[PDB]
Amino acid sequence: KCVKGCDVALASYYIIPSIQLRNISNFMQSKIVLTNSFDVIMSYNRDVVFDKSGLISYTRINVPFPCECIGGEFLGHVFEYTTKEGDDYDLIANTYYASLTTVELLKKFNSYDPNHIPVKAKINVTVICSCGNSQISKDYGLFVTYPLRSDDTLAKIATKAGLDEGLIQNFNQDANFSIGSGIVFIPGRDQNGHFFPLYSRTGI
C-alpha cells in the first residue's frame, strides 16, 4: 500500500543488439525523459563506456523515471508504447522494455485481447519501482528497478554497486539473485555518484 511515491527511480535497461539510446528514449518517455534526453539519461550513467556503435550490447544503463503510487496499492510508473506490425506482449515486455515489465502487467492494465493485440495501439506499460524502506536502511532513497537475468548473481551485482551483499539481500529478502528472472531493487547513485539518502541531510 502507498499514498505517495518519489520524484525519481531508475530503470535498469539491459541493452541488446539493435537497441540504441534513441530507442530507449522513445520507449521510456516521461516527464523526466523528453524528446532530447541524451544528457539527462547519461547524467545517471557517467560510468558507462560507449563503443563505435554507441551503447555496448549486453551491458546496462539506468534510465530515470518518476515513481508514482498506483491505485494506492503499489509503486510504479505507466509508460506508453505504440504497437507496430508483429508486436505482442512477449516482444513488448521482454524485448522493448528489457523485462522491466511483465506480460501479466501488460494484460492487467490494457483492455486488448492479450492474444491478438492490434497495430498502432497505445499500450500501458507498467514498471514497478521503490522509494526505499526505512526499516532496512535510512541511507538510500533512490532505487534501481533491476530485472535479473540468466548470468546475474548477488556477488556481481553487489560488487558493481559498491554495496555489501547482505544489504542488497536485505532489501530483497525473498529473492534468489541467481534464479535468472524477476525484479529486485538495488540502491542507486545520483548524477554525482553518491547514494541519495532516504531523508535529506543537506541544509536548506
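Position 1 is the first residue in the sequence shown; the rest follow in order.
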Stretch with the greater mean C-alpha B-factor as recorded in the entry, comparing 157-165 against 61-69: 157-165
For the stretches 137-145 and 173-181, which has the higher mean C-alpha B-factor as given in the deposited record? 173-181
Given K107, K120, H77, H116, the residue at which the Cα B factor reaches its maximum: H116
Lowest, middle or highest third: which one holds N23 when the chain's residues are ordered by CA B-factor from the entry? middle
Relative C-alpha B-factor of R46, binned into the chain's lowest, middle or highest third: lowest
